[PDB]
Amino acid sequence: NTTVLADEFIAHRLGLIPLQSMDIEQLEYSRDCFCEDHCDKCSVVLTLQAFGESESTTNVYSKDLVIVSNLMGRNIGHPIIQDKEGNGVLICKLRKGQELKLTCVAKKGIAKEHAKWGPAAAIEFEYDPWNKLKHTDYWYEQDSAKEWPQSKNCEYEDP
Amino acid sequence: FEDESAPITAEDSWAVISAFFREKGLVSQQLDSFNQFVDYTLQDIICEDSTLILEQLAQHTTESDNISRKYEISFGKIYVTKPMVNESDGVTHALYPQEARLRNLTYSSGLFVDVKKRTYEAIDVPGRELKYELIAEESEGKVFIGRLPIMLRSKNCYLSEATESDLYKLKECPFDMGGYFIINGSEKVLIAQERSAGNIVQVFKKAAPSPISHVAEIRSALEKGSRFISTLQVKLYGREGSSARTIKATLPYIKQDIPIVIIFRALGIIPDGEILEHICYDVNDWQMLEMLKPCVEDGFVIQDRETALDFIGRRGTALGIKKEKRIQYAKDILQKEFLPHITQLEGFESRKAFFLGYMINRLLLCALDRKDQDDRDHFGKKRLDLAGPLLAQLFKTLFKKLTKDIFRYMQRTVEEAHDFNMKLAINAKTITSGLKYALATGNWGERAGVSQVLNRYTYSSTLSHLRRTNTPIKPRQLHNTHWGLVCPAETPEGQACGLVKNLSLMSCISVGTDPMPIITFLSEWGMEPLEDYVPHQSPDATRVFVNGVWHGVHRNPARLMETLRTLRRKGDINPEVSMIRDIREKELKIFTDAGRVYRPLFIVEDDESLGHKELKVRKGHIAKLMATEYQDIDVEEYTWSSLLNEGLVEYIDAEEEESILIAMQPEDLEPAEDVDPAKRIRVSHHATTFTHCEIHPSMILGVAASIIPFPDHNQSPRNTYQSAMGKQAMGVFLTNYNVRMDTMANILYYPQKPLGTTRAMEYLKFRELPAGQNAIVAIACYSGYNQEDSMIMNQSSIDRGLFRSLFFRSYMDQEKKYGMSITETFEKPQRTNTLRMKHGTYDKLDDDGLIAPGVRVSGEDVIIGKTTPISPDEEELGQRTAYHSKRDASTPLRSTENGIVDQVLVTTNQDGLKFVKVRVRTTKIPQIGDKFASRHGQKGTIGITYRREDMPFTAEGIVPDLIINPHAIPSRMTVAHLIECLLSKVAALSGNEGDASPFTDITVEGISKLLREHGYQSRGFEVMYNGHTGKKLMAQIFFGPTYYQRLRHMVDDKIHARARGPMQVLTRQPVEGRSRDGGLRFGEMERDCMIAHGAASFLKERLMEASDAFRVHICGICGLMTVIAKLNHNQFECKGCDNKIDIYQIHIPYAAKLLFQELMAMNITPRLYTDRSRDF
Amino acid sequence: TXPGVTXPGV
Amino acid sequence: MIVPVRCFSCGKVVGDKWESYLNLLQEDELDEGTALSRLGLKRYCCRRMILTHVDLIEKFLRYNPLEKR
Amino acid sequence: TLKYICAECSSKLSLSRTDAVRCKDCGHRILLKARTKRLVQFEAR
Amino acid sequence: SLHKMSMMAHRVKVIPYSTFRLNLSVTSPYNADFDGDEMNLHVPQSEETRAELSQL
Amino acid sequence: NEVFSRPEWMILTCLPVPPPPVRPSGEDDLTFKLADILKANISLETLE
Amino acid sequence: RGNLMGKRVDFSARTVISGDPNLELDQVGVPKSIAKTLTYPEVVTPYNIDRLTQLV
DNA sequence: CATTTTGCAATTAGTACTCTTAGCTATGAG
RNA sequence: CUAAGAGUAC
DNA sequence: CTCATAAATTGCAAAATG
Ligand SMILES: [Mg+2]
Ligand SMILES: [Zn+2]
Ligand SMILES: [Zn+2]
Ligand SMILES: [Zn+2]
Ligand SMILES: [Zn+2]
């Protein structure tokens, strides 16, 4: 790591990278696995190797993350790409001559142990948009109906 | 726009501010003062005196050698070079600041002076006057007299002309502003020291019991002279009920308070009418004459100048002058000690008599209830010594030391007739060590805290430190004159409240100019000379003061003030010069000396074309400034100096600010006279006589208070708390933190610029170097764990990178030469041949004694391995042999801290001995106990952390990053917190940036309407759902983004416990501090509380078993502790008493034993007896 | 006295 | 320092929407709010995550690297 | 021997105990120890 | 510690975090907030001091 | 008092010297003051 | 006043305080580290031999 | 017999944290 | 190790 | 060349007189 970012800074950024988990039930937790530290039945090994061979800034994305362990035919390990450009999350930047070589072991994890494992993002949850159950007392200055915007779900219930 | 000369709006003035900060910068005062010191004041110090003449008389026993010699050494011009460093090998090369910081060097440039050694000879013929002539040996030859430390970015610094690319090349942060020194690799800043101004007459009422009712004083001092303080005081003895009211003056070197009339007749003013005219200016002012009659009736005993001078000489405290020469001696007292600031020559007795009469006139006017006593806290009566004057007076003293040493050496070598050399004469160590000590330690001499370690915890902290002023010690009150010159609310909460101040954003400090051109201007423009000023023939005359020196009177002060203003506005007079016209007192005061604090203001003229008052700045100048800024971001350049040169802006200080009227905003106060109810109420003042205009009211705030969003929507103590708390905020202090080996650094992972941002915070580079994060805050009594300033930080938000930080700590270690060949060596100490090796593991060191970057270090682990040689061939302790010739001097890691070693730096010190700096980096993740605060004084610790599911959530699934208690809002009245949360919500939704400047026309109604347009409740409330059951909360929660700072006060650095550990060597008590595993204080009032609880045994256990229990022996005959005990041999014996069976042992604190021992050592016998010799 | 606790006197 | 991977509050991955955001601001001359809406940031948590980020890393990348290979 | 890097040249050097700390290429007097070869473990959290 | 109520005998409950934790009511005698306040803990070293501390 | 404090004991003739426990050691300030006292005492004794 | 009326004592801790609505009035939350540092000497008695033995 | 008058320093919220600097300078003589 | 100083927390 | 010394409280005894 000859970059400007701290080692654990980049490790933090890497931990927040979403990974494909379609067949995660086929994996095992490393804590209840029989291997010493990590094996193929409980982990996926990636390796990020980058070099600043360009005179301009070279952006180390998550698309350069390459899976090393043989996935045994599963559908795990791959970083999730969403944008049209095809480059993943901007993990780091490199000036000319800077080099960043590192390896990652990826276990299965839930959002309780760390939010980086959270596959949920924001979950909208609403009930009784018209306040017919009287579960809320609407704070108001002159009129609660006017000052409180009608939710989009108000169209799905009888006023 | 289309109209070139159209009036400007309130938004336009910001462009002006931009131009100002393009030329000045945030630390312009530091650099300006140091540039003045180097460019002109060093030469003034050198030239003044420093001409050592030694007149060796012939001492001719015979007329053969009747020749008298005179050896003189003169110092010519002084040459200051670019900073360079010496070396162990002697190679001298250019030194750069990001080499001095790393190598523990001093960014100092050598000084040289041209020494001219002249020698004169004369023929020693008795009676005939000696005539000295040269011997044609006019040898001249620069010599090195020391090194002057150079403040960074100054005109004599390598970074003065560096461009941004050059600064990046030199490992220098472009955001770094300079204006500080590097002493032994540490950044030292000189706090602006506040003092009372010189050459100003101040009159004070005294207490009733004291026989003096009023005291008029001047702290006279001349800048171009010896710079010695003589406090002339004029005191009015006798109370209002007293009938004998004699005014007495306190001349220096005089044992008694001489009556004023005696002084007046001594200076040469004998007749009573002339004295009274010199003191009183109105014949019809019979009240002042009646009060003054006691003085003349007292001095009627003397009717002659020689008589008065003889009277003073008789009272002269020297007591070494004959009767006939006392006159002459008195003359000296009245020529070189009485009011030095006027003149030091003779023939100006009339001028000093005039000044004495003026002082007495001021005293009488204050005593006759015609004027109020002078305010001591008036900021125009105070001067701030910056780096310039401080270094100037320090170097004056230090060079006086050096030249006295030169004279002593010359006298010694001429009396002993040895050879004379310049190198053997000058001792550059004198100046070098004096400057380096006075800058390394806060003590400014041979005051305290003048030089302080530059605060590098945050960029705003660094800026506020570089613009800090300290007042030595009702000075704590925020005075009215502090408006726009120091921050209204930025000062520590503790004992320094009010004494420590911070400059306003646009406030500058004058550097001082030569007042000769102004005197020439006054003389040309009709200033009546003070010598022939007869007040009877010119009663309605306005007195002109220049730097406090009454220089003359003028009969048409209006035209004089107008032309002086024009000359200052056209650049002929330096704009720092301040001119004041007090019409009621009919006085004109011109101040040009350094230390004065002024601020810039727009100029308003009559503007007959529009028929009403208008700013002299119009849209054309704004357009040119915009063009110049855009060109920087081809046309003729237009800078702030151009505005200053064409009379567009002005510099006004607190002295001139007394006689001006300022418009707060142009758009509402200049033009002559259905309104929005949400806008705050403002007044028109129903008056059109403005002289200047505030460039912007938000400029009254300091650097730290310019970060506060909506500070006018907050309680002032909350603004003060935030000002003192943003210096503790955590952010990016410099962009080159990776190449700086500072002692402590804390950096946010993801500093975010505020959603609610001010217009004054893009001159502070806050958006470039933010010191906080935008956290989604909900204000709710959610779980009861956020009560009493506790907070509930979202644990899932922490996990994703909120407020996570890096912490760097550097350990410095040198090898020191104990002797010629006793050099220390960095190495891995080996248990076979090393002594006092620490219990921490050395396994992490390789052969060179340093941990390579990457290796994790834990508590107590050795990171620096150092050993020093000792004398061998000693046997003790069981395992000490001649092989243990190395004693361990290692430096382990902190006991509590741990992390990854970031870097280690090896280099050579000034002596050339290798030394190292080990920087270790760790991660501070927020946890239960860390202190976080808004920009409004809402400090608080993390009560508890909930995951994302447990937090209340809106209908869109958003969960807050923070939950703060509602109860903090009503009591503390931090409405600006709520307003900025609402504004941040609107800004985040709409994508714009919240304009949270203090005094804008931004209303809560407008923000609420914009929020309603975005589909949310206008007042920021959101229907939230309980995270445990999902049921809607019966109350709607205030919700939105808000800017929070993580403060330096973490619980990991404050937890501290001690069951047992190291003790103090003197009192056998636990040591002090958590850095030493010390013990907590069981103070006096804790003992008192335990007494009130009635628990005596617990108190005894606290004071004896827990701290110090010492068993000491005494004898029943004499209660002293002089009992020799041999416990193994079982023999107790008190010598003298001749007893061995009358002994007792007692358990007393070792502190008590030491107290009794110090009592006996001080001839007091605290005899301790174990039985009652008396009944109760 | 002293001062403190001039003289006496003076 | 450099754009965070995920929004702190909700967790939407916004580390891959920074260069697109800058290209929208520069090439398309879109204002901040429209660009944020275009990238899919509908909640003001994500909008404040991307809007107020300060790209300090450029500054860090101006200095010559300490260890250059 | 153990490796160091010039603060200005960024050049790698190997220094023994008796060697005086200078950069052979440029003569700068500030040197920084090289990164350790042993692997370091970071928890990505 | 301006009065005897500002120094009181409590019962230890060991917690897995880095701060002293006290009831909200008992803050009123101590005049203690949670905005960075620090507090001191003294442990008796005998049954007698323990007993009179718990009983007085 | 007859036994504990007579007036003539207010004049010092044999100064007690506290042990190094009172003035632990560079030396302590009391050590230097006692050194100065001994130096002055030796000076006066030799002059006598 | 500095060493007799009030003196530095062992067996004491000091740290930041936080509220806890789930603690009794007479209870105080003690960090696990502070509990691991501050100690009490308990005399070995036939009634507490087992638990102190287990602690050892 | 009755006033009368005068000159000033020591001691004065608790704890608690961090960091920085410095330790008789220069000259004689064995 | 001691002393001095500066800044800071409640 | 290196060691040794240059706010507010208090708490009065004089010195002078008629
Ligand atoms: Mg508090
Ligand atoms: Zn496995
Ligand atoms: Zn005895
Ligand atoms: Zn989000
Ligand atoms: Zn080099």
# chains A, B, ... in the order shown; residues from 1 in each chain; ligands from 1
$ interface_residues --of "chain J" --to "chain B" --cutoff "8 Å" --atoms "only C-alpha atoms (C1' of nucleotides)" --output "count of residues only"
3
$ residues_near_ligand --ligand "ligand 5" --cutoff "8 Å" --atoms "only C-alpha atoms (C1' of nucleotides) and all ligand atoms" --output "PyMOL selection string"
chain E and resi 6-11+22-28
$ interface_residues --of "chain H" --to "chain B" --cutoff "12 Å" --atoms "only C-alpha atoms" --output "tab-separated table (two decimals) with C-alpha atoms, in the first residue's frame"
chain	number	residue	atom	x	y	z
H	1	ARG	CA	-3.77	20.26	53.00
H	2	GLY	CA	-2.03	18.42	50.17
H	3	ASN	CA	-1.06	15.19	51.92
H	4	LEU	CA	-2.90	14.95	55.28
H	5	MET	CA	-6.34	16.57	55.04
H	6	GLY	CA	-6.68	15.27	51.49
H	7	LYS	CA	-4.40	12.70	49.89
H	8	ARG	CA	-4.25	10.52	46.80
H	9	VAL	CA	-5.68	7.09	47.54
H	10	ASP	CA	-5.54	3.67	45.96
H	11	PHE	CA	-8.55	1.46	45.16
H	12	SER	CA	-10.28	4.26	43.26
H	13	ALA	CA	-11.43	4.75	39.68
H	14	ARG	CA	-12.75	7.64	37.62
H	15	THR	CA	-14.54	7.73	34.28
H	16	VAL	CA	-17.41	9.17	32.26
H	17	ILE	CA	-20.98	8.63	33.48
H	18	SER	CA	-24.00	7.67	31.38
H	19	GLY	CA	-27.64	7.29	32.29
H	20	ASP	CA	-29.42	3.95	32.47
H	21	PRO	CA	-33.18	3.83	33.10
H	22	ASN	CA	-32.88	0.05	33.62
H	23	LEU	CA	-30.76	0.36	36.78
H	30	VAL	CA	-19.18	-0.42	36.68
H	31	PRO	CA	-17.16	-1.08	33.50
H	32	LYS	CA	-15.76	-4.58	33.27
H	33	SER	CA	-12.22	-3.20	33.08
H	34	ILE	CA	-12.61	-1.10	36.24
H	35	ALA	CA	-14.08	-4.11	38.04
H	36	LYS	CA	-11.09	-6.13	36.82
H	37	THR	CA	-8.74	-3.47	38.24
H	38	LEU	CA	-10.27	-2.38	41.56
H	39	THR	CA	-10.15	-5.22	44.07
H	40	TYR	CA	-11.54	-6.17	47.46
H	41	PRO	CA	-9.75	-8.46	49.94
$ residues_around --residues "range 3-14 of chain G" --least-positions-apart "5" --cutoff "12 Å" --atoms "only C-alpha atoms (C1' of nucleotides)" --output "ChimeraX atom specification"
/B:1117-1119,1161-1167 /G:37-38,41
$ interface_residues --of "chain I" --to "chain C" --cutoff "8 Å" --atoms "only C-alpha atoms (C1' of nucleotides)" --output "list in words"
residues 6, 7, 8, 9 and 10 of chain I
$ residues_near_ligand --ligand "ligand 2" --cutoff "6 Å" --atoms "only C-alpha atoms (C1' of nucleotides) and all ligand atoms" --output "PyMOL selection string"
chain A and resi 30+33-35+38-39+41-42
$ interface_residues --of "chain B" --to "chain E" --cutoff "10 Å" --atoms "only C-alpha atoms" --output "PyMOL selection string"
chain B and resi 99+102-103+169-171+739+799-801+825-827+846-848+850-856+900+902-909+912-914+916-918
$ residues_near_ligand --ligand "ligand 3" --cutoff "7 Å" --atoms "only C-alpha atoms (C1' of nucleotides) and all ligand atoms" --output "JSON, numbers by chain"
{"B": [1115, 1116, 1117, 1118, 1119, 1120, 1122, 1123, 1134, 1135, 1136, 1137]}
$ interface_residues --of "chain A" --to "chain E" --cutoff "12 Å" --atoms "only C-alpha atoms" --output "PyMOL selection string"
chain A and resi 1-2+6-17+97-98+101-107+109+111+113-117
$ residues_near_ligand --ligand "ligand 1" --cutoff "7 Å" --atoms "only C-alpha atoms (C1' of nucleotides) and all ligand atoms" --output "PDB file with C-alpha atoms (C1' of nucleotides), in the first residue's frame"
ATOM      1  CA  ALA F  32     -24.428  15.062  37.380  1.00  0.00           C
ATOM      2  CA  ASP F  33     -25.208  15.317  33.674  1.00  0.00           C
ATOM      3  CA  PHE F  34     -23.965  12.992  30.927  1.00  0.00           C
ATOM      4  CA  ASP F  35     -22.318  15.594  28.668  1.00  0.00           C
ATOM      5  CA  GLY F  36     -18.790  14.508  29.569  1.00  0.00           C
ATOM      6  CA  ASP F  37     -18.987  14.426  33.360  1.00  0.00           C
TER       7      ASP F  37
ATOM      8  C1'   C J  10     -17.030  18.944  34.187  1.00  0.00           C
TER       9        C J  10
END
$ residues_near_ligand --ligand "ligand 4" --cutoff "8 Å" --atoms "only C-alpha atoms (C1' of nucleotides) and all ligand atoms" --output "JSON, numbers by chain"
{"A": [121, 122], "B": [958], "D": [6, 7, 8, 9, 10, 11, 12, 41, 43, 44, 45, 46, 47, 49]}
$ residues_around --residues "residue 754 in chain B" --least-positions-apart "5" --cutoff "9 Å" --atoms "only C-alpha atoms (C1' of nucleotides)" --output "list in words"
residues 766, 767, 770, 772, 773, 774, 984, 993, 994, 1042 and 1043 of chain B; 52 of chain D
$ write_last_selection --atoms "N, CA, C and O atoms" --output "CSV table (one decimal), in the first residue's frame"
chain,number,residue,atom,x,y,z
B,766,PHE,N,-13.5,25.9,5.1
B,766,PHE,CA,-14.2,24.9,5.9
B,766,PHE,C,-14.8,23.8,4.9
B,766,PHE,O,-14.8,22.6,5.2
B,767,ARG,N,-15.3,24.3,3.8
B,767,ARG,CA,-15.8,23.3,2.8
B,767,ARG,C,-14.7,22.5,2.2
B,767,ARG,O,-15.0,21.3,1.8
B,770,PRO,N,-13.6,20.1,6.0
B,770,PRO,CA,-14.7,20.1,7.0
B,770,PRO,C,-14.3,19.3,8.3
B,770,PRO,O,-13.4,18.5,8.3
B,772,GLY,N,-16.6,17.8,10.6
B,772,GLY,CA,-17.8,17.1,11.1
B,772,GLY,C,-18.5,16.4,10.0
B,772,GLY,O,-18.1,16.3,8.9
B,773,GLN,N,-19.7,15.8,10.4
B,773,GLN,CA,-20.5,15.0,9.5
B,773,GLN,C,-21.9,15.4,9.6
B,773,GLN,O,-22.4,15.8,10.6
B,774,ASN,N,-22.7,15.2,8.5
B,774,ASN,CA,-24.1,15.4,8.5
B,774,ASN,C,-24.8,14.1,8.9
B,774,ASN,O,-24.8,13.1,8.1
B,984,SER,N,-31.1,21.9,6.6
B,984,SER,CA,-30.4,20.8,6.1
B,984,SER,C,-31.3,19.8,5.4
B,984,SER,O,-30.9,19.2,4.3
B,993,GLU,N,-27.5,24.1,-1.4
B,993,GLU,CA,-26.8,24.2,-0.1
B,993,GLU,C,-27.5,25.2,0.7
B,993,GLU,O,-27.9,26.3,0.3
B,994,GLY,N,-27.8,24.9,2.0
B,994,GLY,CA,-28.5,25.8,2.9
B,994,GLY,C,-27.6,27.0,3.2
B,994,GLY,O,-26.4,26.8,3.6
B,1042,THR,N,-28.4,17.0,10.3
B,1042,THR,CA,-27.8,18.0,11.2
B,1042,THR,C,-26.3,17.8,11.2
B,1042,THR,O,-25.9,16.7,11.2
B,1043,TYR,N,-25.5,18.9,11.3
B,1043,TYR,CA,-24.1,18.8,11.3
B,1043,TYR,C,-23.6,18.6,12.7
B,1043,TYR,O,-23.8,19.5,13.6
D,52,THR,N,-22.8,16.5,-0.2
D,52,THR,CA,-21.9,17.2,0.7
D,52,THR,C,-20.5,16.6,0.8
D,52,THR,O,-19.7,17.0,1.6
$ select_by_dssp --residues "chain H" --states "strand (DSSP E or B)" --output "list in words"
residues 7, 8, 9, 12, 13, 14, 15, 16, 17, 18, 19, 27, 28, 29, 30 and 31 of chain H
$ atom_distance --atom1 "CA of residue 74 in chain A" --atom2 "CA of residue 23 in chain A"
6.2 Å
$ residues_around --residues "residue 15 in chain K" --least-positions-apart "2" --cutoff "10 Å" --atoms "only C-alpha atoms (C1' of nucleotides)" --output "count of residues only"
3
